[PDB]
Amino acid sequence: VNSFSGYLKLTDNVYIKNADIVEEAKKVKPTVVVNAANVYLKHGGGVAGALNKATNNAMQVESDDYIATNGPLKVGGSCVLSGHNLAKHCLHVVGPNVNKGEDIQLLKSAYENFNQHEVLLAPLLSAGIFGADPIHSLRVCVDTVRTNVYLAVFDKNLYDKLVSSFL
Ligand SMILES: O[C@H]1CCCN(c2ncnc3[nH]ccc23)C1
């Protein structure tokens, strides 16, 4: 039993809710919140911009030190950093950004990072401003993640469409 509330159950391990991931994180304080990161951990817009703003830019400061030490992530890769005031940990995961021409096949590799954590709050990778089909992203999530994932879907029209079209 965990403290996630109001989610629709999609499968054995995947749950979905129309919710602002920032407001969700601030309520649940999950062990892991997933950020829709880029390889540079530049948290400028989309989910990443929102999560960083909620940390008063502490996420960005920590991220810049991470990059200065380690260099960029790989597309499809991840790193674990602090969750600041939102969660214990933030798993920064890089899905391919279609608006940069990156290979959508790397979306499965990106979701594989979730399997290293027993429970997560997460967005649909590569959705929104990353330019991928959110229905496809949800499918890859369901077919790749085996741990317990709670998906926060910001856009109401998409949440209802995601539910109504789910197979
Ligand atoms: O355009 C959308 C694409 C998918 C990721 N995304 C989000 N998902 C959940 N909660 C959120 N809060 C602020 C942004 C956001 C933005």
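By convention here, the first residue in the shown sequence is residue 1.
Ring pair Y150/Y7 is perpendicular by interplanar angle, where above 60° counts as perpendicular and below 30° as parallel.
A heavy-atom distance below 4.5 Å is found between the side chains of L124 and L151. Using a 4.5 Å cut-off on side-chain heavy atoms (C-beta onward), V32 and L121 make no contact. Inter-residue side-chain proximity for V119 and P30 is flagged as unmet; no heavy-atom pair is nearer than 4.5 Å.
The closest side-chain donor-acceptor pair between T144 and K108 falls under 3.5 angstrom.
Contact between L81 and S63 at its shortest, heavy atoms only, is CD1-OG, 4.1 Å.
Remark: the backbone N or O of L91 is not paired with any side-chain donor or acceptor of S78 at under 3.5 angstrom. When atom types are taken as modelled, the side chain of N115 and the backbone of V145 share no donor-acceptor pair closer than 3.5 angstrom. Judged purely by atom type and a 3.5 angstrom limit, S137 has no side-chain atom pairing as donor or acceptor with the backbone of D133. Side chain of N18 to backbone of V153: a donor-acceptor contact under 3.5 angstrom is found. Using a distance-only test at 3.5 Å, with no hydrogens or angles considered, a donor-acceptor pair links the side chain of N38 to the main chain of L41. No donor-acceptor pair closer than 3.5 Å links the side chain of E24 to the backbone N or O of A19.
Using a 4.0 Å cut-off between a side-chain N of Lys or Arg and a carboxylate O of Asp or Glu, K26 and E23 qualify as a salt bridge. Using a cut-off of 4.0 Å between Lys/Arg side-chain N and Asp/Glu carboxylate O, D64 and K42 are scored as salt-bridged.
Residues passing the side-chain hydrogen bond (donor to acceptor under 3.5 Å, both in side chains) test with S109, sequence neighbours excluded: none.
Here the straight-line distance linking atom OG of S5 with atom NZ of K17 works out to 5.5 Å at 0.5 Å rounding.
Aromatic ring centroids of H92 and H43 lie under 6.0 Å apart.
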